[PDB]
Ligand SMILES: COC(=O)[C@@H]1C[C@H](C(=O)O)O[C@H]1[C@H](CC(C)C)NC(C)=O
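We begin with a single chain expressed as structure tokens, specifically the form deposited without the ligand.
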């Protein structure tokens, strides 16, 4: 009821615990579950919810055939209660569109959806369930944004957007909203070469986004934002623990201000918590495919170009499929520090499990513990063969 302010620092991440899990495609085999992809989690002052881009069909309906494709008039951003499946009957539509981001500012929620053809797309910014601002395509080639939650600090919420090429120079802007209205915007600055899909968090009045260079880097771009001054910088993560996918095998020395060459024109959405000795990177286990997921503690990963892992945790075993991951935190929990959390998307169907005609996913989420807890692995758990 007054605007939230990033007042705390992160607690110390010594291991991760299960927070939420869906079992969406399992239950989906016999329930009216919606086909989704590009999920994320976001919290209000009184509840946290699971979010995704709907495809406008149930998994078992006939229109599910074809949902490998990313953009269409039948997609929407829906939220549903924590750890329940996206069900036709329990979801709330936030806005109509095929790219999105959302964050609550302490007083109410801002949601952003984008739709259009590839060359004549637009964003409309919803604040308190109503449309307030609308932005049009600047470079006329798939205007897109984060695909996970943004963060606010005393009313100002910055969002990162890219319009242009995913295979060479694009035009990225950082927009600063306050109550749904534009306060200012900046073109990208700093040394990062291409930005796609920022996964962001804040603490001690500073905002950190770990994004994806789709053009040429197996190491990830980092944008750091001042929300009072409204300025930013960008860099790449220095460490040789490369975290994008597909990617080359890990080196001995890394790169802070240039892409690491290896794979070109591809990638995945990912994240990291960067906090000096307390730094944890997440990544796929496969260097070739979106298979498995681990978390790795790599001290000073951002600055030390020779930093190697100190500790780890396996979240999905390499035989199972993962997909996109991103960061969130509940800024309204009691306690002295912010607890780090993340989700991982578990994609099922095409392109890897080609004997079905659909593509859907479930979610697993995790948050930090200061204890050293034992680990388990958290796979989707459906058997594709039941859908035949």
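Residue numbers count along the first chain shown, from 1.
What comes next is about the form solved in complex with the ligand, which is not displayed.
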| query | finding |
| --- | --- |
| Result of superposing the ligand in the deposited bound form onto shown chain, 2.4 Å backbone or C-beta criterion | open |
| Check all three, 149, 173 and 223, heavy atom within 4.5 Å of the ligand in the deposited bound form | no |
| Interface membership of residue 91, the ligand in the deposited bound form, 4.5 Å heavy atom rule | no |
| Distance check, residue 98 to the ligand in the deposited bound form, heavy atom within 4.5 Å | yes |
| Interface membership of residue 267, the ligand in the deposited bound form, 4.5 Å heavy atom rule | yes |
| 4.5 Å heavy atom contact, residue 70 to the ligand in the deposited bound form | yes |
| Proximity to the ligand in the deposited bound form (heavy atom, within 4.5 Å), stretch among 81-89, 180-188, 122-130, 140-148 | 140-148 |
| Of 341, 27, 48, 53, the one that lies within 4.5 Å of the ligand in the deposited bound form (heavy atoms) | 53 |
| One residue of 305, 203, 275, 196 in contact with the ligand, assessed in the deposited bound form (non-hydrogen atom, 4.5 angstroms) | 196 |
| Stretch 270-297: residues contacting the ligand in the deposited bound form, 4.5 Å heavy atom cut-off | 290 |
